[PDB]
Amino acid sequence: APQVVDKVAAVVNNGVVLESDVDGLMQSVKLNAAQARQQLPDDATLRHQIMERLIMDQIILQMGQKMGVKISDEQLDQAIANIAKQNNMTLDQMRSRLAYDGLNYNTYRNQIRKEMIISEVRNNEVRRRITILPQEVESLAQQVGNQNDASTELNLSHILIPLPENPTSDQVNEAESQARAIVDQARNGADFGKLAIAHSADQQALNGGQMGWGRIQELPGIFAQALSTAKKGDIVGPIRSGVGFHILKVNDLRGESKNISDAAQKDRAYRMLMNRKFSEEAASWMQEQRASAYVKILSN
Amino acid sequence: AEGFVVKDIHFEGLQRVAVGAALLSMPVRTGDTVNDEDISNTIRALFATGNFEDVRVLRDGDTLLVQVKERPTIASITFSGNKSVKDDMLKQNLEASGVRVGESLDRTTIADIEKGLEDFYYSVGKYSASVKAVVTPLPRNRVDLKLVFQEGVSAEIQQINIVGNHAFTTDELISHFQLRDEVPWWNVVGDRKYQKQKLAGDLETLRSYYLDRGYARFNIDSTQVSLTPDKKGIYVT
Amino acid sequence: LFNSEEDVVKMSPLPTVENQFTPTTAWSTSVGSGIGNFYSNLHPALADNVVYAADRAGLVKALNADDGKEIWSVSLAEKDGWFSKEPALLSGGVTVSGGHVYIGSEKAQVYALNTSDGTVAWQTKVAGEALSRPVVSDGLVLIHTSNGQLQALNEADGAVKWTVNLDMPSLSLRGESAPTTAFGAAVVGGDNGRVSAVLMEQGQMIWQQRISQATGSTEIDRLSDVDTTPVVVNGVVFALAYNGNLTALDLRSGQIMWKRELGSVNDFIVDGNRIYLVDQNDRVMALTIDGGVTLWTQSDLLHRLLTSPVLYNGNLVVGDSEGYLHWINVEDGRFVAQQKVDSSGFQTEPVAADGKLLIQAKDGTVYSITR
Amino acid sequence: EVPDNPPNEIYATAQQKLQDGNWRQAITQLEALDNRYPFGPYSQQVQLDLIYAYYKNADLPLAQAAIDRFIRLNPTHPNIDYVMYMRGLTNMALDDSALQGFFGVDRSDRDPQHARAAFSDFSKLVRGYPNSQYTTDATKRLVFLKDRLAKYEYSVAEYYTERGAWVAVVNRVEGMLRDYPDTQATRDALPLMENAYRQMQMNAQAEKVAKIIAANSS
């Protein structure tokens, strides 16, 4: 007869996690996986992971409340808009939200608010534990500064179609045909990473054939000659060689007018180093706070 | 609507808290239009009162059934395993933290009290000591708190070193100290046990000793308290 | 009252083993009163077929390695007896580089004696009691003082060149970390739980990573002293903290490569593709250089207060607080032999070099343990 | 030492002992019934009986503690006036001595702290609950306590008159007039104030006090 409506799934310090919130995040991750179910095919492990997610969220929220961080509705305004691709946000966003979960308009904003609170506290503490030495940002940028001899640096990927030491004419023809087909498919908009994974015999095949940033003059002579007139996004044909056919792709390029004789580079090194240290400190803080708190799972 | 019309609200499990207080703690007053979020907020508020260990809300269609499990009341406090700290000092330490016979058991404070006692054992120099609490459920929603003490062997000061004393000698300076680096065979009334408060008083005594001789600039740059990896060889510098 | 009734938590019994070989002591010479009951790093040293040893009192002896015959002996106590002929309180492990013998002292003194005769080549005053083994490299002597100062002294002149300040927690473990040299960079542990790399030219920090876990609030659970010597090989730095993690870091970047949940304050050996480590609970282990995967574990010596291991003749030799030397097969971890050497026990590191194995007992008796 | 019989049997035994007048055993039974079943149908009745037994057993500090606990836990209990009256009785009992009472010693010169506390408690009871059945006895005890406190001030003023501390005498009698104007002790003390004024040669104040005395000769 009686129907269970809601219950406490876990107790976290003075707060609680409700089965309703657990179901809400269940639906959230199910929708996320609907796009690609390979992201989260697990069910029980996913449920426990979400349990931990809500536990950490409650810990962080209680800590932030203790400190006194607060957010106004004015900060909420706009902090959602200009994000949905071309959406007419703050009027059309609300109307579309009615069709998915917007039974009550406030729900969405109350969630957004909460999330911002947690972010602001996390960022505050994690960055407070970070320490950066200039010597470190200098060393990280020194490699690129030395490698910036070229006025333009190219991000490149490569694919190899192999040949034996003593190939036959038929083998050469087959390799050339395969390379030309791959080049045509790439120029037709096919994913270069998938093609490299499927066909490339190079060690970077499983990595999508990505070679990364490089100075053109430091590349193999054939690569330097072929790429002398290449630009971002270009697909270049096969290159014959005693060991097979080589295919090259240009992903991105960078450069500046400053005379490198490094020059306005340590800022980017600072960004990357800060990102890495933030990740490490966040992991260490997310587990320093889980150990130190009181948690009891009553999910039973 | 949604949650249906609430005709009446019944509480279950209430032992100490009056139904009036619980009703006052809920945000909904048979509003006749209750949604799921309202029920969630009601649960959150009821738990925020701090009187319940578990809360659950069920719907009969017309009736809102609030099932709560009140946090157990303390029946008795038992100390076992302690050979140095007396039960009296422990019992007064309990009342400071709210653990007292006849009151409720704040589970979230358990860790706190435990750590506090361990800290005390570390102040005396009894490192490796543990103080673990066991809560056994007694009927009629009661509990008995037993604090299992497992004290180790007290660490003994191996050395007291002063670095930078060129006018006086380490022996003379530490002869006035409360902490003893060594005890003569004839003296069987003192030991080499450590205590933080005694160390602070000792630093003050050293400062007074150097200031009473007209130096007027004596400064303790730093103080390091080390400990052997076996945790029975505390060192002072 | 209770201090006598109080009982320790654990102590393993003596493992029962059969000796596959007969270990014997080639010679044994008394160096004095020894360190005694003071936790110190003072251990012998070997160089050019000579053995250098000392004790807390101040005695320093150079002995013939082949038979232990004394070559010369000196005392570092007060020359003029300014005060009761105060002991030198030698604590820094005896190091031998070039023609100099470097010894640290708890009176914030560092002595450099002459190999040929034992006269004091020079003496320097440091920021604090030198509890670490002096490390000689690039014409500099690195000293890690008790108050978290890493100082570099000129090998010849003896004057302090540069000083790096390291944080010191409220409570720490006795002993300090001896730095390691690699391509002009000194990697040193710290009592706060961080491994830091500095330059030798002027002492400019490079990077500083945290190795500990410190999953606790009270002081004892926050003890994370990196009192071991980091080992550098093929561009990766292996470090290990108390209650912390056995981590591998990038030499240039200081970035964690892999992590493990073992802790200790004794040194560990890194050879080939394996890491022979002694846990803080006196449990020998063997791992992989690639990761924390364990190959074997010997848990028969828990709470025996073992010393750091030494790889002698392909067998891992470890001392014991009761005065026993245990051999262990690296391949399997099985006890291969057991011997009762001394009665006062062992606390300091054994030494293995040039086909010779040396160990100094708590009473100061240097022992040459041959097969 | 108390068996673990069901709650009804324990309560019946406690009631029987209370009726028989054996305060100690009734107290033990009630303590067992209260610390075994902290929140039950017996809680309020057991607490009230414990207060009564502690009072009759001369365990006054325990009675005060129990009264405070009951007042704080049940601020609006219908029988709360009885608890206030019992607190007043306990404080008044702390202000008594049997050995001195046997010899007919007037204890108004001793510590008035407990008398002041009893006066405060009885005044609280009388003002809060004018219609309670303990209001008449509370009023009589209030009158007695006011007289006793005024007699204490009179004793201090008399001693300082003996010592020759005239300013102290004047201040003490002025305090008596401001605090206990209608007591007999103030009437007795008035001539002391006049004498203190006379000794300091302030004849105007002495004349004023003499006029006050004459207007209230009786």
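Protein chains in written order, with the authors' numbering: chain F, 21 to 281, 390 to 428; chain A, 21 to 257; chain B, 22 to 392; chain D, 26 to 243. Beta carbons are placed, not taken as given, at the ideal position from N, Cα and C, and that holds for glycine.
Residues of its chain near residue i, where Cβ-Cβ distance is below 7 angstroms and the 5 sequence neighbours each way are ignored
i, result
"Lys152/A", "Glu134, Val168"
"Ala29/F", "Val37, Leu38, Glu39, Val42, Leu426, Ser427"
"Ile232/B", "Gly214, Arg215, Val216, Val247, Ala260, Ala262, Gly265, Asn266, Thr268"
"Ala57/D", "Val27, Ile35"
"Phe243/F", "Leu268"
"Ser118/B", "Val157"
"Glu145/F", "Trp413"
"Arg132/D", "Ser122, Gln125"
Helix, strand or coil at residue i [DSSP, three-state]
i, result
"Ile177/A", "coil"
"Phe406/F", "helix"
"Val164/F", "helix"
"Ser45/A", "helix"
"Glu173/F", "strand"
"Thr318/B", "strand"
"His196/A", "coil"
"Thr166/B", "strand"
"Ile100/F", "coil"
"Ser285/B", "coil"
"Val144/A", "coil"
"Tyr80/D", "helix"
"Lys383/B", "coil"
"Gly232/F", "strand"
"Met227/D", "coil"
Residue nearest to residue i in terms of C-alpha spacing, selected from the options
i, options, result
"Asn33/F", "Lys50/F, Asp77/F, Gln224/F, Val24/F", "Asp77/F"
"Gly234/F", "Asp254/F, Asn102/F, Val270/F, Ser220/F", "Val270/F"
"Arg154/B", "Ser118/B, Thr202/B, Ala142/B, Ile124/B", "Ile124/B"
"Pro65/B", "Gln276/B, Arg77/B, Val372/B, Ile390/B", "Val372/B"
"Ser365/B", "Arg355/B, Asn294/B, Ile56/B", "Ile56/B"
"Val52/B", "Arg392/B, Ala262/B, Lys383/B", "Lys383/B"
"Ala37/D", "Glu26/D, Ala143/D, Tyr67/D", "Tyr67/D"
"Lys149/D", "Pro137/D, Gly126/D, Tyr110/D", "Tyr110/D"
"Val48/A", "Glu224/A, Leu66/A, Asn102/A", "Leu66/A"
"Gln215/A", "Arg127/A, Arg237/A, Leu223/A", "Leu223/A"
"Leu74/F", "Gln58/F, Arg57/F, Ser48/F", "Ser48/F"
"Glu183/D", "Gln44/D, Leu217/D, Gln158/D, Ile92/D", "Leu217/D"
"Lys27/F", "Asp52/A, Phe72/A, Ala21/A, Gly51/A", "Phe72/A"
Contacting residues, own chain, Cβ-Cβ under 8 angstroms from residue i (five flanking each side not counted)
i, result
"residue 272/A", "With chain A covering only 21 through 257, there is no way to say anything about residue 272/A."
"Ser126/B", "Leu97, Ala109, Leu110, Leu111, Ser112, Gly113, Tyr132, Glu150, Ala151"
Own chain, CB closer than 6 angstroms to residue i, minus 5 neighbours either side, in chain order
i, result
"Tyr154/D", "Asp106"
Within 8 angstroms, strictly: CB atoms of residue i and residue j
i, j, result
"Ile181/F", "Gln198/F", "yes"
"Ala235/B", "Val247/B", "no"
"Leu194/B", "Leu244/B", "yes"
"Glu219/D", "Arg197/D", "no"
"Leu96/F", "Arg129/F", "yes"
"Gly102/B", "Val183/A", "no"
"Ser177/F", "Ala216/F", "yes"
"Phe406/F", "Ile138/F", "no"
"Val151/D", "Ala140/D", "no"
"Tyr141/A", "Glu115/A", "no"
"residue 260/A", "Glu123/A", "This structure cannot settle anything about residue 260/A, because the visible part of chain A is limited to 21 through 257."
Name the residues in the region 106–130 of chain F whose C-beta lies less than 8 angstroms from a C-beta of chain C; which are they?
Of the protein chains in this structure, namely F, A, B and D, none is chain C.
Do the region 51–69 of chain B and the region 111–125 of chain B touch if we need at least three Cβ pairs shorter than 8 angstroms?
yes
So, do the region 143–158 of chain B and the region 199–216 of chain B have three or more beta carbon pairs nearer to each other than 8 angstroms?
As far as the Cβ criterion goes, the region 143–158 of chain B touches the region 199–216 of chain B, which means the pair count is three or higher.
Taking one C-beta from the region 321–330 of chain B and one from the region 342–349 of chain B each time, how about it: are there three or more such pairs within less than 8 angstroms?
Taking a contact to require three or more Cβ pairs closer than 8 angstroms, the region 321–330 of chain B and the region 342–349 of chain B qualify as touching.
How do the region 352–369 of chain B and the region 67–80 of chain B stand: do at least 3 beta-carbon pairs fall below 8 angstroms, yes or no?
no
Would the region 168–187 of chain A count as touching the region 137–153 of chain A if we require 3 or more Cβ pairs under 8 angstroms?
yes
Three or more beta-carbon pairs under 8 angstroms between the region 205–219 of chain B and the region 132–150 of chain F, yes or no?
no
Is the region 151–166 of chain F touching the region 396–405 of chain F, taking contact as three or more C-beta pairs under 8 angstroms?
yes
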